[PDB]
2 protein chains.
Amino acid sequence: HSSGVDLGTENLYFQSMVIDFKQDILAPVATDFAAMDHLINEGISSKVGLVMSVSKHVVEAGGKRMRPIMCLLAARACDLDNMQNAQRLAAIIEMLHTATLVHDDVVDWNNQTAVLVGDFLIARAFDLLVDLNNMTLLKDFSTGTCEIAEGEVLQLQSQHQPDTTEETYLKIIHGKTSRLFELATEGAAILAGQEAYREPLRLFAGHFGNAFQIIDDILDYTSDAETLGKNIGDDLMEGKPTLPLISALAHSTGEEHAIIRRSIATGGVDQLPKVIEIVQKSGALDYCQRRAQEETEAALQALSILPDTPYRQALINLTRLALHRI
Amino acid sequence: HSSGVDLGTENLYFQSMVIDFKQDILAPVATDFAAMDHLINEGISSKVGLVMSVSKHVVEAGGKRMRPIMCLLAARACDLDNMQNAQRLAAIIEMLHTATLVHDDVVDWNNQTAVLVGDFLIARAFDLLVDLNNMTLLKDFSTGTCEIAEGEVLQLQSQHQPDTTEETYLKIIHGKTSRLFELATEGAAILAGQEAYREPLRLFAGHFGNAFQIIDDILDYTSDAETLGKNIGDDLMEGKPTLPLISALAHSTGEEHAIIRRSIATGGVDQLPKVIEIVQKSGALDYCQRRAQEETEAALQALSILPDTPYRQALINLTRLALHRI
Ligand SMILES: [Cl-]
Ligand SMILES: [Cl-]
Ligand SMILES: [Cl-]
Ligand SMILES: [Cl-]
Ligand SMILES: [Cl-]
Ligand SMILES: [Cl-]
């Protein structure tokens with residue numbers, strides 16, 4: 001039932017530009033996904049109108065809800081008997097992602113509404129987790145949420161720090177982006193009691209998540225920044241590390257190096273066009289591109305341990321569709 | 001070992017103005033409290049400097065840390081064998097309170113730091129909870145945190161609403177203030193396996209918490225508003241319900257009634273001095289005062305079920321010291 005997974009082999013049959021999200025990724029777990037939605041409405045809305053609206057509005061903003069869909073896919077790939085528990089776990093994953101977005105939307109509705117809605121969602125997610133009655137799952141989630149918060153704080157500490165290393169960037173993005181993908185996929189394996197699939201699914205999702213954040217960062221130094229709901233140079237303004245900037249420093253000397261460095265330290269608008277030009281022409285973006293492809297390769301390799309099912313194929317198709325953004 | 005608890009009897013021996021917090025409340029659980037502090041530093045700080053500082057600074061701002069002290073007192077009152085678990089529960093209670101404060105400090109360090117520090121504390125608290133390995137406790141906390149968030153949202157929905165009832169106010173304050181006190185005391189009984197003490201300790205803490213929020217509200221319409229780190233009329237500006245204002249409406253007719261009503265709806269500064277005067281002279285503050293004394297009486301009654309120990313005496317002394325603020 002199991003077999004090797006190769007990016008080059010996928011490309012032989014199936015160009016990534018051909019991959020459709022509804023038919024090639026969602027379709028296997030479609031009914032399950034639709035059943036997840038019914039559970040969420042019960043999960044949040046009837047008591048407080050302000051939350052279901054915001055959580056609806058937030059969900060309305062931006063991307064397809066891949067995180068819960070991945071959870072549902074790993075559960076089927078694990079032959080989970082009680083998929084209702086997968087649907088509940090998918091909802092937890094989604095409420096947690098939504099909480100994080102609403103909380104990242106707070107700036108220095110409104111901030112108080114956003115803070116309170118995020119807290120409410122964290123509370124319901126954790127109450128739903130407790131209802132699943134699995135202490136292994138609870139401990140994974142509790143340690144994991146600490147790692148997510150630690151990642152987010154590490155990023156805040158690394159703001160306007162030109163000396164930030166690639167090691168540190170990978171540490172940050174694993175915390176702030178990758179760990180939630182791991183909870184989604186490995187938590188599915190934990191639910192199914194498929195302990196042999198836990199580490200493969202974790203490694204898959206972590207590498208997936210790593211490539212996902214590298215591409216996001218790349219896109220903020222290109223004309224497709226709007227796709228992320230951002231303007232070009234936004235990350236620069238905030239002084240967040242980002243691999244394009246770290247790599248730009250690695251691919252620059254003399255005055256160009258000094259400009260990028262000062263720009264990170266100060267975060268002034270004056271040299272912003274110059275900095276974007278250096279990042280684009282230094283080769284830094286190509287370096288980030290290669291790193292994202294390498295992570296995508298590591299993701300698919302970890303997946304190849306699982307049996308060849310439509311559910312595995314869907315996860316593979318998602319990884320390639322994500323990579324195709326660049 | 002057990003006996004009746006009477007406010008009038010306490011007053012026969014012991015005027016509330018005589019009650020000292022260090023000697024009459026903290027002293028029994030002093031060593032335990034000091035041991036809780038060592039655990040918290042391990043609990044948060046070494047990984048991220050930004051959190052231990054804020055959580056130190058936040059703790060530095062404002063009141064004695066009664067919530068963890070109450071937890072420690074209920075645990076001893078329950079004859080808990082493993083007090084190290086009480087100390088861990090006390091830390092959870094404290095990180096949760098601290099999270100709530102830092103989150104309430106966000107306005108429409110800075111907001112992003114406050115949001116992230118609050119989230120980090122919620123994550124560590126929940127990971128410490130999971131480590132206690134008690135599913136009854138976890139479910140109490142998970143349902144309870146939902147009720148806290150629901151209370152906070154209900155308050156946001158009731159902002160600038162003159163029609164808000166006393167029933168609704170009690171609902172709000174039980175959620176936003178009382179429930180955390182219940183988790184502290186009943187969670188201690190849950191740890192000790194003293195199921196017969198759970199409901200008495202819950203009722204005690206809930207009534208305590210109810211009287212605690214009524215007095216806070218009263219104080220914002222008096223010269224002792226600064227004690228809460230507030231200016232007089234602040235609650236009015238934000239449009240939060242508060243029993244003084246609801247009661248002022250109940251104790252007013254004609255134009256004075258209209259002024260208060262419009263003031264709640266609009267939240268303008270122009271009639272603010274007039275509104276404060278009406279609240280002070282209508283008898284509304286006396287009504288709130290009586291309600292707080294009644295809640296204090298209900299708190300002590302629920303406590304009287306427990307054995308007469310120094311730990312029970314300390315909880316009694318705390319309730320009276322809290323009431324003495326007015
Ligand atoms: Cl998502
Ligand atoms: Cl199964
Ligand atoms: Cl590809
Ligand atoms: Cl406290
Ligand atoms: Cl015990
Ligand atoms: Cl008294």
# chains A, B, ... in the order shown; residues from 1 in each chain; ligands from 1
>>> residues_around(residues="residue 299 (chain B)", least_positions_apart="5", cutoff="10 Å", atoms="only C-alpha atoms", output="list in words")
residues 5, 200, 201, 202, 203, 204, 205, 206, 207, 208, 209, 210, 211, 293, 294, 304, 315, 316 and 319 of chain B
>>> residues_near_ligand(ligand="ligand 6", cutoff="6 Å", atoms="only C-alpha atoms and all ligand atoms", output="list in words")
residues 7, 11, 16 and 320 of chain B
>>> write_last_selection(atoms="N, CA and C atoms", output="PDB file, in the first residue's frame")
ATOM      1  N   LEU B   7     -21.036  37.135  60.652  1.00  0.00           N
ATOM      2  CA  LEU B   7     -20.399  38.444  60.508  1.00  0.00           C
ATOM      3  C   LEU B   7     -20.494  39.247  61.811  1.00  0.00           C
ATOM      4  N   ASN B  11     -17.421  40.525  64.333  1.00  0.00           N
ATOM      5  CA  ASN B  11     -17.351  41.920  64.780  1.00  0.00           C
ATOM      6  C   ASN B  11     -17.321  42.120  66.282  1.00  0.00           C
ATOM      7  N   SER B  16     -13.135  45.127  61.682  1.00  0.00           N
ATOM      8  CA  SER B  16     -12.522  44.916  60.366  1.00  0.00           C
ATOM      9  C   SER B  16     -11.352  45.859  60.105  1.00  0.00           C
ATOM     10  N   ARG B 320     -13.966  39.930  55.141  1.00  0.00           N
ATOM     11  CA  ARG B 320     -14.280  41.119  55.926  1.00  0.00           C
ATOM     12  C   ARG B 320     -13.355  42.304  55.594  1.00  0.00           C
TER      13      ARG B 320
END
>>> residues_near_ligand(ligand="ligand 3", cutoff="12 Å", atoms="only C-alpha atoms and all ligand atoms", output="VMD selection string")
chain A and resid 6 to 19 292 to 294 296 to 297 300 316 to 326
>>> write_last_selection(atoms="C-alpha atoms", output="CSV table (one decimal), in the first residue's frame")
chain,number,residue,atom,x,y,z
A,6,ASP,CA,9.0,12.3,-5.5
A,7,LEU,CA,8.6,15.9,-6.6
A,8,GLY,CA,10.1,15.1,-10.0
A,9,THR,CA,7.8,12.2,-10.5
A,10,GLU,CA,4.7,14.3,-9.5
A,11,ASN,CA,5.8,16.8,-12.2
A,12,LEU,CA,6.1,14.1,-14.9
A,13,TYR,CA,2.3,13.6,-14.7
A,14,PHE,CA,1.0,16.7,-13.1
A,15,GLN,CA,2.3,20.3,-13.5
A,16,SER,CA,1.6,22.4,-10.3
A,17,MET,CA,-0.2,25.1,-12.3
A,18,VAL,CA,-2.8,22.3,-13.0
A,19,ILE,CA,-3.5,21.6,-9.3
A,292,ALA,CA,11.4,26.6,0.2
A,293,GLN,CA,11.8,23.9,-2.5
A,294,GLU,CA,14.2,22.0,-0.2
A,296,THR,CA,8.9,21.0,0.2
A,297,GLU,CA,11.2,18.1,-0.7
A,300,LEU,CA,7.2,14.9,0.7
A,316,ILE,CA,1.1,16.0,-1.7
A,317,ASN,CA,-1.0,18.1,-4.0
A,318,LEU,CA,-1.3,20.7,-1.3
A,319,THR,CA,2.4,20.9,-0.8
A,320,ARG,CA,3.0,21.5,-4.5
A,321,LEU,CA,0.2,24.0,-4.9
A,322,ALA,CA,1.7,25.9,-1.9
A,323,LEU,CA,5.1,25.9,-3.5
A,324,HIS,CA,3.6,27.1,-6.8
A,325,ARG,CA,2.7,30.5,-5.3
A,326,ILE,CA,6.3,31.3,-6.3
>>> interface_residues(of="chain A", to="chain B", cutoff="6 Å", atoms="only C-alpha atoms", output="list in words")
residues 108, 111, 120, 123, 127, 142, 145, 146 and 149 of chain A
>>> write_last_selection(atoms="C-alpha atoms", output="PDB file, in the first residue's frame")
ATOM      1  CA  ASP A 108      -0.283  50.165  18.526  1.00  0.00           C
ATOM      2  CA  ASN A 111      -8.417  46.285  19.528  1.00  0.00           C
ATOM      3  CA  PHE A 120     -12.998  33.478  23.635  1.00  0.00           C
ATOM      4  CA  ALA A 123     -11.172  29.130  25.556  1.00  0.00           C
ATOM      5  CA  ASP A 127     -12.755  23.161  26.158  1.00  0.00           C
ATOM      6  CA  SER A 142      -0.415  22.477  25.619  1.00  0.00           C
ATOM      7  CA  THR A 145       0.760  26.351  22.198  1.00  0.00           C
ATOM      8  CA  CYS A 146       3.633  27.355  24.500  1.00  0.00           C
ATOM      9  CA  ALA A 149       3.662  31.821  21.918  1.00  0.00           C
TER      10      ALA A 149
END
>>> closest_atom_pairs(of="chain A", to="ligand 2", cutoff="9 Å", atoms="only C-alpha atoms and all ligand atoms", output="Markdown table")
| residue | atom | partner | partner_atom_place_in_ligand_line | distance |
| --- | --- | --- | --- | --- |
| A:75 | CA | ligand 2 | 1 (Cl) | 8.7 |
| A:78 | CA | ligand 2 | 1 (Cl) | 7.5 |
| A:79 | CA | ligand 2 | 1 (Cl) | 6.0 |
| A:80 | CA | ligand 2 | 1 (Cl) | 3.7 |
| A:81 | CA | ligand 2 | 1 (Cl) | 3.9 |
| A:82 | CA | ligand 2 | 1 (Cl) | 6.3 |
| A:83 | CA | ligand 2 | 1 (Cl) | 8.5 |
| A:189 | CA | ligand 2 | 1 (Cl) | 8.9 |
| A:191 | CA | ligand 2 | 1 (Cl) | 7.0 |
| A:192 | CA | ligand 2 | 1 (Cl) | 4.0 |
| A:193 | CA | ligand 2 | 1 (Cl) | 6.4 |
| A:194 | CA | ligand 2 | 1 (Cl) | 7.9 |
>>> write_last_selection(atoms="N, CA and C atoms", output="compact mmCIF listing (two decimals), in the first residue's frame")
# COMPACT_ATOMS: atom_id res chain seq x y z
N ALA A 75 -6.24 12.44 9.19
CA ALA A 75 -7.12 11.52 9.91
C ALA A 75 -7.57 10.37 9.02
N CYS A 78 -4.78 8.16 8.25
CA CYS A 78 -4.56 7.31 9.41
C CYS A 78 -5.66 6.28 9.65
N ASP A 79 -6.63 6.21 8.74
CA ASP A 79 -7.81 5.34 8.89
C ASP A 79 -8.55 5.51 10.22
N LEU A 80 -8.64 6.75 10.72
CA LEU A 80 -9.37 7.05 11.96
C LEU A 80 -10.80 6.56 11.86
N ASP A 81 -11.22 5.77 12.85
CA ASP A 81 -12.54 5.13 12.84
C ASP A 81 -13.64 6.15 13.12
N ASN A 82 -13.45 6.96 14.16
CA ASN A 82 -14.40 8.01 14.53
C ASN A 82 -14.00 9.37 13.95
N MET A 83 -14.46 9.65 12.73
CA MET A 83 -14.12 10.90 12.05
C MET A 83 -14.77 12.12 12.69
N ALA A 189 -3.03 11.62 14.01
CA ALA A 189 -2.41 10.32 14.26
C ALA A 189 -2.60 9.89 15.72
N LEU A 191 -5.14 10.76 17.61
CA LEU A 191 -6.54 10.34 17.70
C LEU A 191 -6.74 8.91 17.20
N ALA A 192 -6.08 8.57 16.09
CA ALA A 192 -6.22 7.24 15.49
C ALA A 192 -5.43 6.16 16.23
N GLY A 193 -4.56 6.57 17.15
CA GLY A 193 -3.65 5.66 17.84
C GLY A 193 -2.59 5.09 16.90
N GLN A 194 -2.23 5.85 15.87
CA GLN A 194 -1.25 5.41 14.89
C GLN A 194 0.08 6.05 15.24
>>> select_by_dssp(residues="region 195-307 of chain A", states="helix (DSSP H, G or I)", output="VMD selection string")
chain A and resid 195 to 219 223 to 228 234 to 238 243 to 250 254 to 266 272 to 281 284 to 303
>>> residues_near_ligand(ligand="ligand 4", cutoff="12 Å", atoms="only C-alpha atoms and all ligand atoms", output="ChimeraX atom specification")
/B:58-71,90-101,177-178,180-181,184,209,212
>>> write_last_selection(atoms="N, CA, C and O atoms", output="compact mmCIF listing (two decimals), in the first residue's frame")
# COMPACT_ATOMS: atom_id res chain seq x y z
N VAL B 58 3.28 44.12 35.94
CA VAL B 58 1.84 44.07 36.10
C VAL B 58 1.47 43.72 37.53
O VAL B 58 0.61 44.35 38.13
N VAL B 59 2.18 42.74 38.07
CA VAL B 59 2.01 42.30 39.44
C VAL B 59 2.39 43.45 40.36
O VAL B 59 1.78 43.67 41.40
N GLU B 60 3.41 44.20 39.96
CA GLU B 60 3.85 45.35 40.74
C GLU B 60 2.74 46.37 40.80
O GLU B 60 2.53 47.01 41.82
N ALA B 61 2.03 46.54 39.69
CA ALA B 61 0.89 47.43 39.69
C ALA B 61 -0.27 46.80 40.45
O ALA B 61 -0.69 45.67 40.17
N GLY B 62 -0.83 47.56 41.38
CA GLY B 62 -2.03 47.11 42.05
C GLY B 62 -1.88 46.11 43.17
O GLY B 62 -0.83 45.95 43.78
N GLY B 63 -2.98 45.43 43.42
CA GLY B 63 -3.30 44.80 44.68
C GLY B 63 -2.50 43.59 45.07
O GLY B 63 -1.75 43.02 44.28
N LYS B 64 -2.66 43.22 46.33
CA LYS B 64 -2.07 42.03 46.89
C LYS B 64 -2.64 40.89 46.07
O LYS B 64 -3.74 41.00 45.52
N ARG B 65 -1.85 39.84 45.91
CA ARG B 65 -2.26 38.73 45.07
C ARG B 65 -3.13 37.76 45.85
O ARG B 65 -2.72 36.66 46.21
N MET B 66 -4.35 38.19 46.11
CA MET B 66 -5.30 37.42 46.89
C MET B 66 -5.74 36.09 46.26
O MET B 66 -5.95 35.12 46.97
N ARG B 67 -5.90 36.06 44.94
CA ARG B 67 -6.39 34.88 44.23
C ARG B 67 -5.58 33.60 44.47
O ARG B 67 -6.15 32.56 44.80
N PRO B 68 -4.25 33.66 44.27
CA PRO B 68 -3.38 32.52 44.62
C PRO B 68 -3.35 32.22 46.12
O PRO B 68 -3.39 31.05 46.49
N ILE B 69 -3.28 33.25 46.95
CA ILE B 69 -3.40 33.07 48.40
C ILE B 69 -4.71 32.36 48.81
O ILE B 69 -4.69 31.48 49.65
N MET B 70 -5.83 32.69 48.18
CA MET B 70 -7.08 32.00 48.48
C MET B 70 -7.03 30.52 48.12
O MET B 70 -7.53 29.67 48.87
N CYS B 71 -6.47 30.23 46.95
CA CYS B 71 -6.23 28.87 46.49
C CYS B 71 -5.41 28.08 47.52
O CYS B 71 -5.76 26.95 47.87
N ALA B 90 -2.13 27.41 42.42
CA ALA B 90 -2.04 28.83 42.78
C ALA B 90 -1.32 29.65 41.68
O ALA B 90 -1.73 30.76 41.36
N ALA B 91 -0.25 29.09 41.12
CA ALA B 91 0.50 29.74 40.03
C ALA B 91 -0.34 29.86 38.75
O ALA B 91 -0.31 30.88 38.06
N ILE B 92 -1.08 28.81 38.44
CA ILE B 92 -2.01 28.80 37.30
C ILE B 92 -3.05 29.92 37.45
O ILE B 92 -3.27 30.70 36.53
N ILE B 93 -3.69 29.97 38.61
CA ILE B 93 -4.66 31.00 38.94
C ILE B 93 -4.03 32.39 38.75
O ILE B 93 -4.63 33.28 38.14
N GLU B 94 -2.80 32.56 39.23
CA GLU B 94 -2.12 33.84 39.15
C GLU B 94 -1.73 34.23 37.72
O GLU B 94 -1.83 35.40 37.35
N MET B 95 -1.25 33.27 36.94
CA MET B 95 -0.88 33.55 35.55
C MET B 95 -2.12 33.94 34.75
O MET B 95 -2.05 34.83 33.89
N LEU B 96 -3.23 33.30 35.06
CA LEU B 96 -4.51 33.58 34.41
C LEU B 96 -5.04 34.99 34.73
O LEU B 96 -5.44 35.72 33.83
N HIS B 97 -5.07 35.34 36.01
CA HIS B 97 -5.39 36.71 36.42
C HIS B 97 -4.49 37.74 35.73
O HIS B 97 -4.98 38.74 35.19
N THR B 98 -3.18 37.50 35.76
CA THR B 98 -2.20 38.37 35.12
C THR B 98 -2.45 38.50 33.62
O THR B 98 -2.36 39.60 33.07
N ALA B 99 -2.77 37.39 32.96
CA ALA B 99 -3.10 37.41 31.54
C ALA B 99 -4.26 38.36 31.27
O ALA B 99 -4.19 39.19 30.37
N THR B 100 -5.31 38.23 32.08
CA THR B 100 -6.51 39.04 31.96
C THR B 100 -6.24 40.54 32.13
O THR B 100 -6.86 41.35 31.45
N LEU B 101 -5.34 40.89 33.04
CA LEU B 101 -5.00 42.29 33.30
C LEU B 101 -4.25 42.89 32.12
O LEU B 101 -4.56 43.98 31.66
N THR B 177 -15.44 38.30 36.97
CA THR B 177 -14.68 38.38 38.24
C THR B 177 -14.81 37.14 39.13
O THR B 177 -13.82 36.63 39.60
N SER B 178 -16.03 36.66 39.35
CA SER B 178 -16.27 35.63 40.37
C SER B 178 -15.74 34.23 40.02
O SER B 178 -15.19 33.54 40.88
N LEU B 180 -13.14 33.07 38.36
CA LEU B 180 -11.73 32.80 38.67
C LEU B 180 -11.50 32.51 40.14
O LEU B 180 -10.64 31.67 40.48
N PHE B 181 -12.22 33.22 41.02
CA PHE B 181 -12.17 32.89 42.46
C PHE B 181 -12.71 31.46 42.71
O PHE B 181 -12.17 30.71 43.52
N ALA B 184 -10.10 28.84 41.79
CA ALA B 184 -9.07 28.84 42.82
C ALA B 184 -9.45 28.00 44.04
O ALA B 184 -8.65 27.19 44.50
N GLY B 209 -16.46 37.01 45.24
CA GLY B 209 -16.17 37.68 43.99
C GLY B 209 -17.23 38.71 43.61
O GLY B 209 -16.90 39.81 43.16
N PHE B 212 -16.85 41.60 45.67
CA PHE B 212 -15.60 42.25 45.32
C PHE B 212 -15.77 43.21 44.15
O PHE B 212 -15.27 44.32 44.17
>>> residues_around(residues="residue 232 (chain A)", least_positions_apart="6", cutoff="10 Å", atoms="only C-alpha atoms", output="number ranges by chain")
A: 219-226, 272-273, 276
>>> write_last_selection(atoms="N, CA and C atoms", output="PDB file, in the first residue's frame")
ATOM      1  N   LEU A 219       7.001  36.810  -0.919  1.00  0.00           N
ATOM      2  CA  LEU A 219       5.916  37.522  -1.597  1.00  0.00           C
ATOM      3  C   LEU A 219       5.774  38.981  -1.160  1.00  0.00           C
ATOM      4  N   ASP A 220       6.206  39.304   0.060  1.00  0.00           N
ATOM      5  CA  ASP A 220       6.171  40.691   0.531  1.00  0.00           C
ATOM      6  C   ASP A 220       7.291  41.554  -0.063  1.00  0.00           C
ATOM      7  N   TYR A 221       8.211  40.940  -0.808  1.00  0.00           N
ATOM      8  CA  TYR A 221       9.231  41.680  -1.559  1.00  0.00           C
ATOM      9  C   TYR A 221       9.011  41.582  -3.064  1.00  0.00           C
ATOM     10  N   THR A 222       7.768  41.290  -3.456  1.00  0.00           N
ATOM     11  CA  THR A 222       7.377  41.188  -4.862  1.00  0.00           C
ATOM     12  C   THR A 222       6.055  41.922  -5.081  1.00  0.00           C
ATOM     13  N   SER A 223       5.612  41.971  -6.339  1.00  0.00           N
ATOM     14  CA  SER A 223       4.351  42.625  -6.709  1.00  0.00           C
ATOM     15  C   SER A 223       3.109  41.856  -6.241  1.00  0.00           C
ATOM     16  N   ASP A 224       3.289  40.593  -5.854  1.00  0.00           N
ATOM     17  CA  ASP A 224       2.184  39.768  -5.363  1.00  0.00           C
ATOM     18  C   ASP A 224       2.028  39.857  -3.834  1.00  0.00           C
ATOM     19  N   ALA A 225       2.484  40.957  -3.233  1.00  0.00           N
ATOM     20  CA  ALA A 225       2.304  41.179  -1.794  1.00  0.00           C
ATOM     21  C   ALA A 225       0.819  41.314  -1.421  1.00  0.00           C
ATOM     22  N   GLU A 226       0.035  41.944  -2.298  1.00  0.00           N
ATOM     23  CA  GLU A 226      -1.414  42.124  -2.097  1.00  0.00           C
ATOM     24  C   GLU A 226      -2.180  40.820  -1.848  1.00  0.00           C
ATOM     25  N   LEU A 272      13.767  52.575   1.737  1.00  0.00           N
ATOM     26  CA  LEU A 272      12.902  51.429   1.496  1.00  0.00           C
ATOM     27  C   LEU A 272      12.909  50.969   0.031  1.00  0.00           C
ATOM     28  N   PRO A 273      12.804  51.908  -0.923  1.00  0.00           N
ATOM     29  CA  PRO A 273      12.875  51.453  -2.312  1.00  0.00           C
ATOM     30  C   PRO A 273      14.229  50.828  -2.671  1.00  0.00           C
ATOM     31  N   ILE A 276      14.455  47.248  -1.161  1.00  0.00           N
ATOM     32  CA  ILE A 276      13.660  46.296  -1.935  1.00  0.00           C
ATOM     33  C   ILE A 276      14.391  45.903  -3.219  1.00  0.00           C
TER      34      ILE A 276
END
>>> atom_distance(atom1="CA of residue 26 (chain B)", atom2="CA of residue 311 (chain B)")
9.5 Å
>>> residues_around(residues="residue 270 (chain B)", least_positions_apart="6", cutoff="12 Å", atoms="only C-alpha atoms", output="JSON, numbers by chain")
{"B": [233, 236, 237, 259, 260, 262, 263, 276]}
>>> write_last_selection(atoms="N, CA and C atoms", output="CSV table (one decimal), in the first residue's frame")
chain,number,residue,atom,x,y,z
B,233,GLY,N,-15.4,58.5,37.5
B,233,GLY,CA,-16.2,58.7,36.3
B,233,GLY,C,-15.7,57.9,35.1
B,236,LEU,N,-18.1,55.3,33.7
B,236,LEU,CA,-19.1,56.1,32.9
B,236,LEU,C,-18.6,56.4,31.5
B,237,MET,N,-17.4,56.8,31.3
B,237,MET,CA,-16.8,57.2,30.0
B,237,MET,C,-16.9,56.0,29.1
B,259,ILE,N,-30.9,62.2,32.4
B,259,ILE,CA,-29.5,62.6,32.4
B,259,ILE,C,-28.6,61.3,32.5
B,260,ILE,N,-28.9,60.5,33.5
B,260,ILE,CA,-28.1,59.3,33.6
B,260,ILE,C,-28.3,58.4,32.4
B,262,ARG,N,-29.2,59.2,29.2
B,262,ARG,CA,-28.5,59.7,28.1
B,262,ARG,C,-27.0,59.6,28.2
B,263,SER,N,-26.5,59.8,29.5
B,263,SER,CA,-25.1,59.8,29.8
B,263,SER,C,-24.5,58.4,29.5
B,276,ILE,N,-22.3,61.9,38.4
B,276,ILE,CA,-21.6,61.5,39.6
B,276,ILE,C,-22.4,62.0,40.9
>>> closest_residue(among="B:188, B:89, B:54, B:25", to="ligand 5", atoms="only C-alpha atoms and all ligand atoms")
B:188
>>> decode(residues="region 22-37 of chain B", atoms="N, CA and C atoms", output="PDB file, in the first residue's frame")
ATOM      1  N   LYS B  22      -1.081  40.757  56.072  1.00  0.00           N
ATOM      2  CA  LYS B  22       0.065  39.860  56.210  1.00  0.00           C
ATOM      3  C   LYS B  22      -0.124  38.857  57.357  1.00  0.00           C
ATOM      4  N   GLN B  23      -0.535  39.345  58.525  1.00  0.00           N
ATOM      5  CA  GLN B  23      -0.647  38.487  59.711  1.00  0.00           C
ATOM      6  C   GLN B  23      -1.934  37.665  59.782  1.00  0.00           C
ATOM      7  N   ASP B  24      -3.038  38.188  59.257  1.00  0.00           N
ATOM      8  CA  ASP B  24      -4.357  37.568  59.475  1.00  0.00           C
ATOM      9  C   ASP B  24      -4.916  36.786  58.299  1.00  0.00           C
ATOM     10  N   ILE B  25      -4.255  36.865  57.145  1.00  0.00           N
ATOM     11  CA  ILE B  25      -4.731  36.204  55.937  1.00  0.00           C
ATOM     12  C   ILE B  25      -3.621  35.383  55.284  1.00  0.00           C
ATOM     13  N   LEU B  26      -2.500  36.032  54.990  1.00  0.00           N
ATOM     14  CA  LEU B  26      -1.363  35.378  54.343  1.00  0.00           C
ATOM     15  C   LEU B  26      -0.648  34.391  55.264  1.00  0.00           C
ATOM     16  N   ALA B  27      -0.420  34.798  56.512  1.00  0.00           N
ATOM     17  CA  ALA B  27       0.448  34.068  57.456  1.00  0.00           C
ATOM     18  C   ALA B  27       0.295  32.541  57.482  1.00  0.00           C
ATOM     19  N   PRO B  28      -0.950  32.021  57.524  1.00  0.00           N
ATOM     20  CA  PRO B  28      -1.094  30.561  57.518  1.00  0.00           C
ATOM     21  C   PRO B  28      -0.387  29.878  56.344  1.00  0.00           C
ATOM     22  N   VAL B  29      -0.617  30.376  55.129  1.00  0.00           N
ATOM     23  CA  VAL B  29      -0.045  29.787  53.909  1.00  0.00           C
ATOM     24  C   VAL B  29       1.211  30.533  53.405  1.00  0.00           C
ATOM     25  N   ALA B  30       2.020  31.051  54.335  1.00  0.00           N
ATOM     26  CA  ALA B  30       3.158  31.928  54.006  1.00  0.00           C
ATOM     27  C   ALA B  30       4.283  31.196  53.275  1.00  0.00           C
ATOM     28  N   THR B  31       4.846  30.184  53.932  1.00  0.00           N
ATOM     29  CA  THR B  31       5.793  29.275  53.296  1.00  0.00           C
ATOM     30  C   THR B  31       5.304  28.755  51.935  1.00  0.00           C
ATOM     31  N   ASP B  32       4.044  28.348  51.862  1.00  0.00           N
ATOM     32  CA  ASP B  32       3.481  27.844  50.605  1.00  0.00           C
ATOM     33  C   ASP B  32       3.491  28.922  49.524  1.00  0.00           C
ATOM     34  N   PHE B  33       3.175  30.148  49.926  1.00  0.00           N
ATOM     35  CA  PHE B  33       3.118  31.268  49.003  1.00  0.00           C
ATOM     36  C   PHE B  33       4.505  31.582  48.469  1.00  0.00           C
ATOM     37  N   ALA B  34       5.487  31.564  49.368  1.00  0.00           N
ATOM     38  CA  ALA B  34       6.874  31.794  49.010  1.00  0.00           C
ATOM     39  C   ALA B  34       7.413  30.709  48.083  1.00  0.00           C
ATOM     40  N   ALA B  35       6.941  29.480  48.273  1.00  0.00           N
ATOM     41  CA  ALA B  35       7.335  28.367  47.411  1.00  0.00           C
ATOM     42  C   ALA B  35       6.655  28.468  46.039  1.00  0.00           C
ATOM     43  N   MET B  36       5.464  29.061  45.999  1.00  0.00           N
ATOM     44  CA  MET B  36       4.769  29.303  44.733  1.00  0.00           C
ATOM     45  C   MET B  36       5.597  30.226  43.831  1.00  0.00           C
ATOM     46  N   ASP B  37       6.244  31.222  44.430  1.00  0.00           N
ATOM     47  CA  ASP B  37       7.019  32.203  43.667  1.00  0.00           C
ATOM     48  C   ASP B  37       8.178  31.561  42.908  1.00  0.00           C
TER      49      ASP B  37
END
